[PDB]
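Only one chain is given next, in structure tokens, and it is the form deposited in one PDB entry.
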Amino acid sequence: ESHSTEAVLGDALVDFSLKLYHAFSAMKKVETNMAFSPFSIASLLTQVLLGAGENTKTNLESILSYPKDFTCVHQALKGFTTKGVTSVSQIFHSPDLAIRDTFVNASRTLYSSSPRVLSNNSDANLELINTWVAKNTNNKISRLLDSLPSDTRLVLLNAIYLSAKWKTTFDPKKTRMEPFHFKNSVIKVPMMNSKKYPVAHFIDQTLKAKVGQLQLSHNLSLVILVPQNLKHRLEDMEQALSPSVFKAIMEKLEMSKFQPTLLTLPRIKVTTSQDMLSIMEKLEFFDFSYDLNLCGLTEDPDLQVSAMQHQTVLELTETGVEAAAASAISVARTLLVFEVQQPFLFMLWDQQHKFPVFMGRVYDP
């Protein structure tokens, strides 16, 4: 019956994540930090897909990389949900718009929420939504929006942050201002260290890059892709990172073993809000502004997604669950390195379900 679909969804999420990666890369400036959540965006879009028809249905399916009649997905996606994030995602809608019952049941069954309703005046809503996002993200994301349209009929939202932490704590006392290769200068940045941190790692020839997985709480890992030499730039690594490439990177990593290892990386501290309409368009999906068929969601025939915000917050500092083993006094028994000293690309990958929860990159902490 289902089960099938954890695998199939898994694949589709990888493919989608890259699509977003590049589209995000594009909308952002050229040497910028970014972070976004393929999972939570895909789930929000998959919520919308539930009540899409004819064209909008086939077009979403296309974007999200789902095959035809992938009905199981809505269960599967709820099943995937990690407790290592706090992921909020409501469809709002104006009073003049009337939401179908058969949708609201299916939304409740499967997404355990349902479209909310906007107040009467435009200006009342902005405070509503920012309060509502703040409340259900425990104030991590307070201000999701700075404006709404005036004629707003259908708003999609998605705030998300990483609550998970490192399995293994980093000693804060062992965190100096060490060097990082920004642009062609060198800059000095807070950098975390452990003489023996547990690390699964290897080299990939195709990317010409160092791949480093680091364990986190809730069966999440952080996968880091740094180019090996400084002679390779990040941009050209991005453009060489196929979905086929990527999937092999993870199959490899699953076999690859965590071993005590000399570790430096920076404090990761990335927050990225993004008008996703721009992105959807960048992916060649224009339905959210014209020819939008959400029959399933509503009967109303003159329908368009007035706004679609995404926001990721992501801190990985020293704090871990478990304090480090054998005090890392020396580096006895281990003879391995992984240092992160130039701009790099990262997943935050679910190990259990084999898909990317977050994705991004760091040029400058």
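The numbering used is simple: start at 1 and walk along the sequence shown. The term rigid core refers to the most C-alpha atoms you can superpose between the two forms while keeping them within 1.5 Å.
Note that the form deposited in another entry isn't included here; everything after this is about it.
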Only residue that shifts (Cα, 2 Å or more, rigid core superposed) between this form and the one not shown, among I224, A200, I129, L77 = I129
Residue shift check between this form and the one not shown, rigid core fit, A209 Cα at least 2 Å | no
Post core alignment: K252 C-alpha displaced by 2 Å or more between this form and the one not shown = no
Can we say the CA of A324 moves by at least 2 Å between this form and the one not shown when the core is superposed?
-> yes
If the CA atoms of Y290 and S114 move by 3 Å or more in the other entry, do they move toward each other or away, so closer or farther than here?
-> farther
Regarding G320 and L348, go with closer or farther for their CA spacing in the other entry versus this form, the difference being 3 Å or more.
-> closer
